[PDB]
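Read through the structure below, which is laid out as structure tokens, and then see the notes.
What follows is calculated from the coordinates using simple rules that are stated; it is not laboratory data. Here the Cβ is made from the backbone with ideal geometry for all residues, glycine too, and neighbour counts use every protein chain on show.
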Amino acid sequence: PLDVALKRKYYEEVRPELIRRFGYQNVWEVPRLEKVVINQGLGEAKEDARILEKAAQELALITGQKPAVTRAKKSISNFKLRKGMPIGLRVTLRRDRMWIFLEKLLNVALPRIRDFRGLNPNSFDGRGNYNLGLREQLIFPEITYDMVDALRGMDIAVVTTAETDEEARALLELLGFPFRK
Amino acid sequence: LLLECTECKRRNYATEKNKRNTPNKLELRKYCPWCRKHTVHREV
Amino acid sequence: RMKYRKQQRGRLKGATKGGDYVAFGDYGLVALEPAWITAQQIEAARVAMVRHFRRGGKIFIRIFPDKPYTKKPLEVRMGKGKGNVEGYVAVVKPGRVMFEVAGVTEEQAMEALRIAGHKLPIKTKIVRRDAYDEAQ
Amino acid sequence: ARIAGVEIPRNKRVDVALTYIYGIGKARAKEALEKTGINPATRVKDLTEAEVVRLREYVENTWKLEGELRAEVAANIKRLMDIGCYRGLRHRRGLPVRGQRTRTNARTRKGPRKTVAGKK
Amino acid sequence: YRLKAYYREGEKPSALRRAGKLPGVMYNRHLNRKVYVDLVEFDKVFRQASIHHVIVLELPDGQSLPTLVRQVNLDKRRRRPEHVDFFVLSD
Amino acid sequence: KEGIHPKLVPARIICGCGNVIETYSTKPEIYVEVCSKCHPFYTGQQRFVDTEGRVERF
Amino acid sequence: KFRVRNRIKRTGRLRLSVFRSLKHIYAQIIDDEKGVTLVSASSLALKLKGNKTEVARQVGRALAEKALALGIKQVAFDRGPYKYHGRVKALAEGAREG
RNA sequence: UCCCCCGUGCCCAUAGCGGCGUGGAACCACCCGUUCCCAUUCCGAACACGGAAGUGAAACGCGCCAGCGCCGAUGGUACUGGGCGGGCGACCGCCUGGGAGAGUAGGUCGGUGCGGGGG
RNA sequence: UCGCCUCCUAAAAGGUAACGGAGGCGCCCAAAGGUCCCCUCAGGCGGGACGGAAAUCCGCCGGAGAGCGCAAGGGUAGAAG
Ligand SMILES: [Mg+2]
Ligand SMILES: [Mg+2]
Ligand SMILES: [Mg+2]
Ligand SMILES: [Mg+2]
Ligand SMILES: [Mg+2]
Ligand SMILES: [Mg+2]
Ligand SMILES: [Mg+2]
Ligand SMILES: [Mg+2]
Ligand SMILES: [Mg+2]
Ligand SMILES: [Mg+2]
Ligand SMILES: [Mg+2]
Ligand SMILES: [Mg+2]
Ligand SMILES: [Mg+2]
Ligand SMILES: [Mg+2]
Ligand SMILES: [Mg+2]
Ligand SMILES: [Mg+2]
Ligand SMILES: [Mg+2]
Ligand SMILES: [Mg+2]
Ligand SMILES: [Mg+2]
Ligand SMILES: [Mg+2]
């Protein structure tokens, strides 16, 4: 909806906390949140009717948004796919849909990766732009074992309106991301 | 092969060049003929 | 080592970019007449100098053979010859500094660069140091 | 219902269904089912979710398992490959460690027999 | 490093070379005068004091202008300096 | 936001340990295994010389 | 960037260049080969409060009456960032038949 | 009649890039929402519509800066129509008119039209 | 080798030769055609689960070094991609 719980926690605690943290000079100077993209590599276009677009519906039922099949730009013969077409799944989540996806992610999904000592806070590096992978895709609160055939590990990238990495660090760590120290 | 569109049981071969393995097989193109303007013009 | 070459004779005309100064080292052979300096004459003069002042200093060959000198194998005329009889040739115009020796004293440098000029087909000058410069 | 890590058994008896969780074997699955208090012969296709979490509260909190255990096993191995204890060496090249002969045997620590041998 | 130099008034650089003079410019962002400095002394000036030392040009009318020898066009063949221009110092 | 959709109905998320997260997803009734209330936590390894001073002494 | 330039695919004269701001909408007939703007019309600095489809229709009415105020009948639409839509210039009094 | 802003062109980097501060009464943009038109192989991010609660933070405008860039003379060589010689040759020399390229001094973050809106 | 195309030799209009240098064509395409509307490339930097050092994704710097069916030029994103 419009009153996402994580969105409310952002708008009521985190923006004045980052203001009273860094000594900002504008309400829009605080790092906002604008992008959570989910990529699915998925080089699987062999014979014997290898459809494998069930994972598109799987990702759509996770997020709440139907991902697009993205055709490969360059054709390389090392992995045998070629000539553009076959597979790569991308979904891009902006406002309240991104917020309900992060409500499903940060509180329900990561707390669970099979060990999960934390995230990797060397991963921002210069832009806003925190990227993080997922080995096992079914940590999410929708899909257990009896809805798939194989393991479909995606990788998300959340982009902030933060110029450096310290600013997005301080944003996402209070939005609810844990880290490794 | 070099195939010519005929006005439908009529005149006016329209003389295109098809690429027969890639699609052909009732090549259908609206075309302006010599007589009775505009038609369907299936090939050959 | 690259783009297609059995290239033409050109013509060894006027020399301005063909000849500026001595940059590396101290002393320098410098040509006084346009001629084709082969790779064989480059190696011949250089192993004259390095064996003259033995285990010596630096001998910068500022020219480089980059022109396929072509020789027909003693027959009539059907196309270009087979190319590269001794190999490639540095097109050298006069005023060009060909060799520079570095650091080694004047008594070895003047009796080394003279040997290099004796194995080269060009009447040469030998310059000492303190040429064209630019820095403030 | 998954138990630990993600390791979910279905349609099996619970007291060997716990064994598919790494770190729980037959003996711990015998013990810490009636220890919590569950009839240990109820097929997990019908396991009450309150009993699932009353089982899981003993599974995760008591002893270390897949991940925190597995990784300590591997850390014990990397700790054994230190400067050269005799059990960390021969983990370092995969030979066996607790008194196994290797003249003919040891196909489960070696391979795939590389049969490049033989005289004339 | 003082040096005598004269004023070319636009009189034939090849004739100055015939005479043995080294032509040149005296120039900065304040003045621009074609000159000729005599080469038989400019070689002794310039190979002693390079482009890191301040020459001073004494002109036919008094002016003992401080300058840095800025650029020399060598004669490409037939080795000698062919033209000079002097970055005259500013105050 | 087009014709095709996952339709994203409001959804409580119960956990086992008792936390409920009021979120939006497909499949409006959802409960999970572990969420928060697993944050810094259980068994930590006993060190080397600590165990080897536990075992024996002269 | 919005590099669209459905500018320079207009060489026929009397170029009606629009501008759809967040607040107003401006429109102006420019002449080509001698770049002089002939007539123009703002929206909110002319008339009705920010009901932007109807007032973008009304600024077009006012602009076409300004064009027939000096007798210009054949023109050519512009503003490459158009997406010809609810910024409407469905008009009379300009015989472009736009 | 001058600065301010908005569009729109001309010359095409001497006006570009990167800095460094300023702008919000308006204007312009970001924004607040997707019901409304139409939207995106997913996403009202773009496009579009509604709004005006807030902000110049980005973006843009307008100033200073030469760091990169770009422009770059005066000279003078190169080259050369045209002429006349030397050189068995490779090629060079003189006169006559042109006259660069790089370089150096430097110049430089616009200039200018047109129609609106504003003190 | 014989025709055609691209450079170069071709001497800043054109044309210009040799058994001079170096490559291509004897087709293809019912979308690789038309029009309308959008979008920008390669690369490098980082950052990302299998993921090649170049799959896919994100963010900066990227004015053409990418692409245009095919050789080579000419051109070109203010499109011809
Ligand atoms: Mg036939
Ligand atoms: Mg043994
Ligand atoms: Mg326009
Ligand atoms: Mg300009
Ligand atoms: Mg700066
Ligand atoms: Mg300021
Ligand atoms: Mg205001
Ligand atoms: Mg704008
Ligand atoms: Mg700003
Ligand atoms: Mg210049
Ligand atoms: Mg010049
Ligand atoms: Mg500047
Ligand atoms: Mg300026
Ligand atoms: Mg020509
Ligand atoms: Mg096309
Ligand atoms: Mg990465
Ligand atoms: Mg990756
Ligand atoms: Mg290209
Ligand atoms: Mg072909
Ligand atoms: Mg071209």
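Note on residue G:49: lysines with a C-alpha under 16 Å away, same-chain residues under 8 apart excluded, are G:23.
In this label model, residue D:95 and residue G:37 are separated by 9.0 nm, measuring between points 7 Å along each Cα→Cβ vector. Using a simple spin-label model with pseudo-atoms 7 Å out from Cα toward Cβ, residue B:34 and residue A:94 lie 5.9 nm apart.
Secondary structure note: in the protein assembly as shown, about 85% of the DSSP beta bridges are antiparallel. The antiparallel fraction among DSSP beta bridges confined to chain A stands at about 100%. Applying 1/(1 + (r/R0)^6) with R0 = 41 Å to the Cβ-Cβ distance of residue B:21 and residue A:78, what FRET efficiency is obtained, to the nearest 0.05? Given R0 = 41 Å and the Cβ-Cβ separation, E is 0.85.
Taking other residues whose beta carbon is less than 12 angstrom from the beta carbon of residue G:84, and scoring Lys, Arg as +1 and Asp, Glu as -1, yields +4. When the Gaussian network model of chain C links Cα atoms closer than 10 Å, the mean-square fluctuations of C:62, C:11, C:96 top out at C:11.
Among beta bridges identified by DSSP and lying wholly in chain E, the antiparallel ones come to about 75 percent. Students often get this wrong: which residues of region A:164-178 have the backbone nitrogen under 19 Å from the point 7 angstrom along Cα-to-C-beta of residue F:17? Output list for this probe position: A:174-178. Counting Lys +1, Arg +1, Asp -1, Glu -1, what net charge surrounds residue C:90 among other residues with beta carbon under 12 Å of its beta carbon? Around residue C:90, the surrounding residues sum to +2.
Computed over neighbours whose Cβ is under 13 Å from that of residue D:29, the net charge equals +2, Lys and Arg +1, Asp and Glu -1. Determine, from the Cβ-Cβ distance of residue A:155 and residue C:5 and an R0 of 45 Å, the FRET efficiency 1/(1 + (r/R0)^6), rounded to the nearest 0.05. Once the sixth-power term is evaluated, E becomes 0.35. FRET efficiency for the pair residue B:11 and residue B:42, taken as 1/(1 + (r/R0)^6) with r the Cβ-Cβ distance and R0 = 22 Å, rounds to 0.95. Over chain G, DSSP H runs of length four or greater, each weighted -39,500 (n - 2.57), average out per residue to a 222 nm ellipticity of -6000 deg cm²/dmol. When only Cα pairs below 8 angstrom with a gap of at least 6 residues are kept, region D:1-71 shows a relative contact order of 38 percent. Label-to-label distance, residue G:85 versus residue E:59, with points set 7 angstrom from Cα along the beta-carbon direction: 7.2 nm.
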